[PDB]
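**Q** when you get a sec, could you give me coordinates for this:
(9 chains)
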Amino acid sequence: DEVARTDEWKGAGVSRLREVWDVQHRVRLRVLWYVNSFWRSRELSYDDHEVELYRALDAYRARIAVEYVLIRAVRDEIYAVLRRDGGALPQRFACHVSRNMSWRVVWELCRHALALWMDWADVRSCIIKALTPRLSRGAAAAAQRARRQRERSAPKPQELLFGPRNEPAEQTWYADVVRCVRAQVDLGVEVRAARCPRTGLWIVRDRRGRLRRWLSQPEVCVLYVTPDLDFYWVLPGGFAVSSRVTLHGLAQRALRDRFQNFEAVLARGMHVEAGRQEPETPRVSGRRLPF
Amino acid sequence: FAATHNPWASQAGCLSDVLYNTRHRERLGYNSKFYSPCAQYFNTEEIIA
Amino acid sequence: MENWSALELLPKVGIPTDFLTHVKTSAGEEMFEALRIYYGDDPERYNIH
Amino acid sequence: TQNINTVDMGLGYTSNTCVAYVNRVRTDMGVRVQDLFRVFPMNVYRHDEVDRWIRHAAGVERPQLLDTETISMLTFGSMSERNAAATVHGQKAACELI
Amino acid sequence: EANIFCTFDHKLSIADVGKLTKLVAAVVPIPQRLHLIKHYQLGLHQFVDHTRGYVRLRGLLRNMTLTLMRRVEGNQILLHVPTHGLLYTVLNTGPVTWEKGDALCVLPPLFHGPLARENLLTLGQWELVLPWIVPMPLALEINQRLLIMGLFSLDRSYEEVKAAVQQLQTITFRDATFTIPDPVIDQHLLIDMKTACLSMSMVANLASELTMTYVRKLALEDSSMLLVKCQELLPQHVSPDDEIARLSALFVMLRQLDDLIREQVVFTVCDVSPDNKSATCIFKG
Amino acid sequence: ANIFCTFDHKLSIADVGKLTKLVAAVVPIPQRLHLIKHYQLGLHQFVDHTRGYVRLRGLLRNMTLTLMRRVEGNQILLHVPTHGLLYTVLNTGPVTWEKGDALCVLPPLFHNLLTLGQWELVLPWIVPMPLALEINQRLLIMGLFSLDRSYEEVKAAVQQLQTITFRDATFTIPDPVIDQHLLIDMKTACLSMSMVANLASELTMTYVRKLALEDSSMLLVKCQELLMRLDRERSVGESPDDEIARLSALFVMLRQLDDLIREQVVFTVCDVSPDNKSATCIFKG
Amino acid sequence: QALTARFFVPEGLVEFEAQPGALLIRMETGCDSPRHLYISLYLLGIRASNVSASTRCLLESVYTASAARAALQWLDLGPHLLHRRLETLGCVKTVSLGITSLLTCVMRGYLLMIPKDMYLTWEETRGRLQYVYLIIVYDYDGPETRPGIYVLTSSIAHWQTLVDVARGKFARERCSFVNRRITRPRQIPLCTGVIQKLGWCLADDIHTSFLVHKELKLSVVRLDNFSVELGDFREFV
Amino acid sequence: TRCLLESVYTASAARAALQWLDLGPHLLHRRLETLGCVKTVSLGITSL
Amino acid sequence: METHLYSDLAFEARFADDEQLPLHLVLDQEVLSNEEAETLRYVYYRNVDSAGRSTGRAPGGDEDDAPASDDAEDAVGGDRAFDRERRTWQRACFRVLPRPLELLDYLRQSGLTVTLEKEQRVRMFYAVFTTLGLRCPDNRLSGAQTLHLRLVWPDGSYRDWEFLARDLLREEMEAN
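**A** Numbering: from 1, shown residues only, chains lettered A, B, ... in the order given. Below you will find the coordinate block:
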């Protein structure tokens, strides 16, 4: 007689049903422990040091602390740019504004909006969703190719006529919307901006050209980030604060391990070529017999 | 039965190509009213055709 | 394309035709404008719409 | 085989028909309800035993899977529910809305 | 039974009727094998849907019955399925070069090099796309290459599989050019990979104690070009009746591994005209 | 499907009297050309020293296997058989026939006074299918035991296997290897055998992993368990381009085997005349 | 066009075979005297696996002879190698009675009584045309040997897709096959199953009826207007 | 529509006129002059 | 059930190349919603070491701790760090049972001879089945290691759950 290993594994049965948690105390999960697994026959030990746990919690503190030290460096850049211009901020956004209105209240409302935005920072925010397309696979090559293409010589008539022909007035930003009076900080939203060609200012819109109308309201403020690390803090009245988001205080591998953009792996119902229209999802559901 | 008798003249993108192929000559700009008797041996844009 | 069935069924003029090359050589190299080479025995001329 | 061609010589409508006299009704004109479990044999509930309870509470017996592409090209249709033993009224149909 | 008909729907212009009668004795598939049908069942336009699957398309094409067109007399077309063994004739549509003696098989149409893409018909929405008649080496290599696209596709990213199918999608056949349109993975491709994986592992298990080192001893003692080119990709008991039974099991596993790229002989030529347009194939369809 | 054959060589009355006993025998020809010389008739135009048996069998499956019908003054009328018709074939093979035996055609290995001047008159063996599969099996084993014949028990093993057996039929099947040098067709056949065995054993360990990230069948995990026992016996036995080349090599050595794997039946016998020199049969195909 | 031969059947094998809906199957035997027996398909059901209890006991009474005893002995001579000896011969056109009876067997053209345990399909028999096959499977859930024989009636004419959905329906047999290979490193289990067609029939010519021999009845499914075509023994895993 | 009709005027004269239109210190109304409609074409190389 | 034993035998299989040990696991509706389970494609695992980076990197250190330089051409220093982050993740097995079920009863419908010390009746609404592989290069297991789940949707988004390896093996490791 020769009994197979899968027969003993099936007739083994689980010893006991354990259940554990995570660090943040958010997700519990249940773990089996089979008796005839090869985990028993390895003869391994367990050395739970205390300073190893200390350094592990230090590395965990760094891993949580990536985006939050990025947000605090953002806030330092807000205050630094507000000081280095002396507080005489410029207007960079197209909005009809008045003069016969006391602007004493809007500065206090902008400070309160900054404080309430810093009260409600989150992993679903402006700078992280602006950094994720930069963190992609071919974003560096596309960025340097855009750098080489924005810097070209004068168009000679020889290459103008007989040479190959030449080839983006709309940008897809990201925004954090703070509602100061009702105290509802809206965390992360897409927005699409353009240069309104009557003047040299910006206009923001939704996915259907809706012309986002919060900037008329004195109750709200917004933060804009672009995929070229630009920073636009906007209070009502169209006056803005423009700067660059810093990254010198962050590790490269911290940005890699925290929010790296993912590139796809092949599976069923997916085209071998990329950039095509896909078929339906697998969707093994509890509505159908599994056919 | 040599593959080449003038490597400055028989390769794509050579000296006499960029001097005498008319497709390369349009990218440099020239008097099209001038006649060049060498270009009839270098107009591979239509020798293929 | 023309009605080659009209070329086949209608009466013709008997001509002592001769040209310089072989017939199939002049056919495969397209000496003329448009040609039509059925090779066996087509039944298409016995269908009239 | 006689190929027969026709040419309608009228300019507009030239033939006027009319449904004149009815004699019988082939359908039953009943109220016996169209079972949706037959026309959607894929839909099973999430939990198993409440589904078994519902199938027992109705008259449908089992959830049946649906045919794949090659056999549906090879067949013409499903034709699932067969003839009952009592036919004294004709064919029936009654579906509804909510 | 055999002589079937196809009732049409539209008025018939003389250009489309001329295009139809120039397609006498050419292959068309039918789904249902009935007596009279509508025009929607003719060809592959009903069956095709883009971004759904080439492998599903050949799967549904593999079950259809073929027919040959002759004697169109307006508003219908007498189709005739061929009986087994009797010699019939075929006018090809696809630009695949044939040779006398070579067995032929059906395939879905694939994207051509120059992409002539004559629809052969211009109607409301039902065009007439046709399956191609392709000989054994080209069909066997394209089924092999699609299954290798399958077995190479999994556990991989887009980049290496794209750089590999840029070479792998190009298939020539006697100085022609072709490309495979839509190699998208289906559940059926996972099915064929699972059967091929079970077959190759079962081949791997029951290998003997001299078959596993035959190439090793052969590359030791002798030397040739195919010897080194196959070597680059790399007794005690003698009871040979056990090896008889062992290679019998190996043979049924080999035919099972071979019959996941094999499509059966739909035709075999007996006489082809030297314009590669009409031939006399002795098989059914 | 009547084929005339002629002879540029002279035929005396003794020659045709030798010929006329072969009134209906299975003779192969390359193609269905109408009036064909006898140099294209017969297997003599393929058999040489450096070609061997397996190349000839690969040349058998694409030829047409017609039947002699009559003999005239200087022409031979061959009737090419078709599917459905039955024929009275005279036996040429050494093996006896029985009722219901699916039959196959094989090259003549060793075997009556039938010749022509510098042209070997040669007809293929007709055989029952079990002896056909057994003789391909035995000849592949005898090809596998070619290079390793320095010992005695390998030579005694070949001596055991050189004698085939059947119902009252024992033959010495000839050794394909001579002076420790095999013919190149059988050498490449067993090379492909060992190559597909080694490639299976070296690639299924990665491909069960590459497949099993999907749904995991109990068949698949027992296949992996069988691979664990095989890897245990292996361990007691002691860049996309490489797997692309591995898969393509696997499938080309798969592709070059079906002429030794697939044994297509030719005849299916009916009521047999006694003395077993001839039989009525349905031709299949 | 009904191509027909005739064979000799002894006095102990006319049972359940005088009706036209029958199949003679040549089984190669290891003993030197017959070398083959022209057994019945209903004799293959006596060593089947889809059979019930009462279907077995009625069959063992009607096939009680020394010839059938030796036939089952040569069945148990080599297990998992039945199709190395099995050979179907179409069906039966006309039975002539006698001790050494000679009955005419149609093999091609136009001229089937099947017990209900061996006929099954995965369909609502909705195909206009249907194709019948001989599907045997070798099974090793039993500790030594389980041969299970069926006839099959599907609308799929093509071979590859049919054996694909068949191995998708009989995958447990392949699980048992690899389990037998891992539990016996010496035995050589040859094939998972055998596929061999038996022509085509029509859907409206399928019924269930009453076959009686020697006052022994059986509910028998029937394919009335039959047609025969022998695409011979293929093997699938 | 602009990307369409730039894919049809890819000869030298059209793009030469395009370069000539946007070069001087003037607008188009003192650059162009209207004549009317064309009805025939001879269509050699130099047309009429 | 039919998915855990595969990677159990597979981590027994490849114990020569990498020194890996399995951890079979099931997850309830508390982890993720049912619409997050009915379309979920694959799972990933990472073993992040105690006082270190990961186990997919080089053994002693790597070059990717530099400041990010606030630019685009060297925003990640090149795609080789992208390839490194693709390398540090490995793919695990996956099974979805989208029916409400009793786990002890589900294993009892299989041939699994479960012997529990107490009838802990766990009743969730769907059963995903996967196996995290945490490793130890030496044969001795440090109890300060960290395991990193990764669950990715076909859209591309993800929610990385992660946990240390001390509450995991505080009892069963001591039960050997």
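
**Q** drop to CA atoms for contacts and neighbour counts, all remaining ones
**A** Noted.

**Q** quick one: buried residues of stretch A:262-281?
**A** Within stretch A:262-281, the residues scored as buried using 16 or more other Cα atoms under 10 Å in any protein chain shown are A:262, A:266, A:267, A:268, A:269, A:270, A:271, A:272, A:279.

**Q** please identify which of those residues is nearest to residue A:220.
**A** The closest of these to residue A:220 turns out to be residue A:262 (Cα to Cα; 33.9 Å).

**Q** what residue, apart from its backbone neighbours, is nearest that closest one spatially?
**A** Closest residue in space to residue A:262, ignoring its immediate chain neighbours: residue I:156 at 6.8 Å, by Cα to Cα, 6 or more residues apart in numbering or on different chains.

**Q** need the buried residues of stretch A:262-281 in TSV (columns: secondary structure).
**A** Converted to TSV, the buried residues of stretch A:262-281 look like this (DSSP: H, G, I helix; E, B strand; the rest coil):
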residue	secondary structure
A:262	coil
A:266	coil
A:267	coil
A:268	coil
A:269	coil
A:270	coil
A:271	coil
A:272	coil
A:279	coil
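
**Q** relative to chain G, which of those residues is nearest.
**A** Taking Cα to the nearest Cα as the measure, residue A:268 is the one of those closest to chain G, at 18.2 Å.

**Q** residue contacts, the closest one?
**A** By Cα atoms under 8 Å, 6 or more residues apart in numbering or on different chains, the contact set of residue A:268 is A:282, E:185, E:186, E:187, E:190.

**Q** filter those down to the buried ones and hand me the ChimeraX line.
**A** Only the buried entries of these go into this ChimeraX selection, using 16+ other Cα under 10 Å:
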select /E:185,186,190
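
**Q** now the most centrally placed residue in chain C: phi and psi?
**A** In chain C, the centroid-proximal residue (Cα atoms, centre = their mean) is residue C:36; its distance is 5.7 Å. With angles defined as degrees, to the nearest 10, residue C:36 sits at phi -160, psi 120.

**Q** for residue 40, which non-adjacent residue is spatially closest?
**A** No chain in the question, so chain A it is. Of all residues not flanking residue A:40 in the chain, residue I:176 sits nearest, at 6.5 Å (Cα to Cα, 6+ apart).

**Q** hmm, I had chain I in mind actually
**A** residue I:153 is the one closest to residue I:40 (Cα to Cα, 6+ apart), at 5.2 Å.

**Q** pretty sure the one you found sits against residue I:39.
**A** Yes - with contact defined as Cα atoms under 8 Å, residue I:153 reaches residue I:39; the gap is 7.0 Å.

**Q** between those two, tell me which one has more neighbours.
**A** residue I:39 (18 against 15; other Cα atoms under 10 Å in any protein chain shown).

**Q** ok, the closest residue to the more buried one other than its chain neighbours to chain E distance?
**A** Excluding the flanking residues, the one nearest residue I:39 by Cα to Cα, 6+ apart is residue A:283, at 4.8 Å. Residue A:283 sits 13 Å away from chain E, taking Cα to the nearest Cα, to the nearest Å as the criterion.

**Q** phi first, then psi, for residue A:283.
**A** The phi and psi values for residue A:283, taken as degrees, to the nearest 10, are phi 60, psi 60.

**Q** for residue C:27, which residues are in contact?
**A** The neighbourhood of residue C:27, defined by Cα under 8 Å, 6+ apart, consists of residue C:35.

**Q** what helix or strand does it sit in?
**A** Assigned by DSSP states H and E, residue C:27 belongs to helix C:23-28.

**Q** for the closest residue to residue G:202 other than its chain neighbours, grab the count of nearby residues.
**A** Of all residues not flanking residue G:202 in the chain, residue G:129 sits nearest, at 5.1 Å (Cα to Cα, 6+ apart). Applying other Cα under 10 Å, we find 20 residues neighbouring residue G:129.

**Q** surely residue G:129 meets residue G:205?
**A** No - in this structure, residue G:129 is not within contact of residue G:205 by Cα under 8 Å, at 10.4 Å.

**Q** the helices in chain C, which residues?
**A** For chain C, applying DSSP state H gives helices covering C:4-9, C:23-28.

**Q** among those, which is nearest residue G:155?
**A** Between residue G:155 and the helices of chain C, the tightest spacing by Cα to Cα is seen for helix C:4-9, at 44.3 Å.

**Q** off-centre distance for the closest one?
**A** The chain centroid and the centroid of helix C:4-9 are separated by 9 Å, computed with Cα atoms, centre = their mean, to the nearest Å.

**Q** which parts of chain D sit against chain E?
**A** In this structure, chain D approaches chain E at residues D:69, D:70, D:73, D:74, D:75, D:76, judged by Cα under 8 Å from any Cα of the partner chain.

**Q** which residue packs closest to the residue nearest to the spatial centre of chain D, ignoring adjacent ones?
**A** Centroid-nearest residue in chain D: residue D:93, 7.6 Å away (criterion: Cα atoms, centre = their mean). Among residues not flanking residue D:93 along the chain, residue D:34 sits closest, at 5.8 Å (Cα to Cα, 6+ apart).

**Q** around the one you found, how many other residues sit close by?
**A** Neighbour number of residue D:34 under other Cα under 10 Å is 13.

**Q** now residue I:51
**A** The tally of other residues near residue I:51 (other Cα under 10 Å) stands at 18.

**Q** how near is it to residue C:32?
**A** Distance, residue I:51 to residue C:32, by Cα to Cα, to the nearest Å: 85 Å.

**Q** got it, and residue B:33?
**A** For residue B:33 relative to residue C:32 (Cα to Cα), the value is 36 Å.

**Q** pick out the residue of the stretch 1-150 of chain A closest to chain G.
**A** The minimum distance from the stretch 1-150 of chain A to chain G, using Cα to the nearest Cα, falls at residue A:2 (5.1 Å).

**Q** residues touching the nearest residue to that residue once chain neighbours are set aside, list them.
**A** The spatial neighbour of residue A:2 that comes closest, neighbours along the chain excluded (Cα to Cα, 6+ apart), is residue G:183 at 5.1 Å. By Cα under 8 Å, 6+ apart, the contact set of residue G:183 is A:1, A:2, A:3, A:4.

**Q** helices of the chain, start to end?
**A** Reading this off chain A. A:5-12, A:51-84, A:104-119, A:126-134, A:139-150, A:157-161, A:252-259.

**Q** actually it's chain I I care about, not the one you picked
**A** With helices called from DSSP H, chain I shows them at I:4-13, I:35-38, I:80-87, I:103-109.

**Q** same check on chain E?
**A** Using DSSP H, the helices found in chain E span residues E:14-21, E:54-62, E:136-153, E:158-168, E:187-205, E:214-221, E:225-231, E:240-258.
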